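Okay, here we've got a single chain as structure tokens, the form deposited in one PDB entry, with questions on binding and movement later.
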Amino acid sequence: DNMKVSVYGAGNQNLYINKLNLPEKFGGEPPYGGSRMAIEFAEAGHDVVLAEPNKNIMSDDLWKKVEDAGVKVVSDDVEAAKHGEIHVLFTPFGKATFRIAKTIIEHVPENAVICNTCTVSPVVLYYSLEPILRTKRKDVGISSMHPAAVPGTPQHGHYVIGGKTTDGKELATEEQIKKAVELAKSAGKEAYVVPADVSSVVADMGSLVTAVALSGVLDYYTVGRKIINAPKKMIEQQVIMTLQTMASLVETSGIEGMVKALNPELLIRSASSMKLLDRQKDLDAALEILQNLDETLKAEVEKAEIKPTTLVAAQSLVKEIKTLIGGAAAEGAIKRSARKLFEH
């Protein structure tokens, strides 16, 4: 099989080459990112169009690598939309990504699948398109194609594909997901389907936060259960509270407001009493980081406002709202509030 593929966004080569210095710290050669995905798809035998309105995003020498792979470059998103069975958004954060999705949705061929990469959760992308998806384009699927690294670097060995959500919702058909998986595999990459509501947390840049937070949770779980012999329910409740409270404070007050609310000084004193083993290098690392915060950050923390934040049991609250106003209205509330934070 070979497919018609559309990739949207060449990727910021100045970022990859000069900011991240990928060629020398990670490996490979430019171009990286979206234009590299297109190259790899074309070398896999696919019929590839790359949509990039900004010709200045890379030198002619790098554009040439793209053209030699057999990628057809267009400046018009709509032309790319009519071309592909599968559409890969390597698009700039924010309005650009949502704008491009909304631009192409009424032009993509029957049964097309639209996949986000780094820039947005597929559930959020789905929500932003839901009024069209539920009416005029019930054929179109939403998935994702998250690289494990920057495409073009040696470290990129797989894709995470957003599949059926943990609560059983299908954003794309099984056939559309299998086409996404086969597009990944055809490039010599591993391809893993992950529930779409979880996928961006394990593959986006914030996976940094996921890994470090998870390491603290497992540290506390181990120490709690094996040293302290704390009840498992107690440990889990405190974990939920910590993560939920931090999430909510960032949502209302930003990073600096959340730090102001938790108070690192206090936190360091308190967490110090949880040093039961020297095997806890995560706690060791955290304590030194919190004691040496960048100086401009601390100034902005003092200036920050802690906004009204409500303590909740989030999944329990979802169930409660369903019992009060019904499944349909509850889902409407969940969708509107998700779009307000993650889309605008």
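The first residue of the sequence shown is number 1, and the count goes up from there.
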- Averaging the C-alpha B factors as listed in the entry, name the stretch that ends up higher: 103-111 or 206-214. 103-111
- Going by the B-factors listed in the PDB entry, is the mean over the C-alpha atoms higher for 72-80 or for 135-143? 72-80
- Item | Identity of residue with top Cα B-factor, from 319, 36, 307, 281 | 281
- Which one of 244, 199, 252, 272 shows the biggest C-alpha B-factor in the PDB entry? 272
- Item | Record-listed C-alpha B factor of residue 11: chain third | middle
- Determine, from the deposited record, the chain-internal third of the Cα B-factor for residue 32: lowest, middle or highest. lowest
- Message: Among the modelled residues of this chain, does the Cα B factor of residue 20 put it in the lowest, middle or highest third?
- Response: highest
- Item | Ranked against its chain, the third holding the CA B-factor of residue 231 | highest
- Note on the structure: Binned into thirds over the chain's modelled residues, the C-alpha B-factor of residue 5 lands in the middle
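Form deposited in another entry: not shown, discussed below.
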- Pivot point of the rigid parts between the shown form and the other one (hinge, one of 29, 293, 283, 197): 197
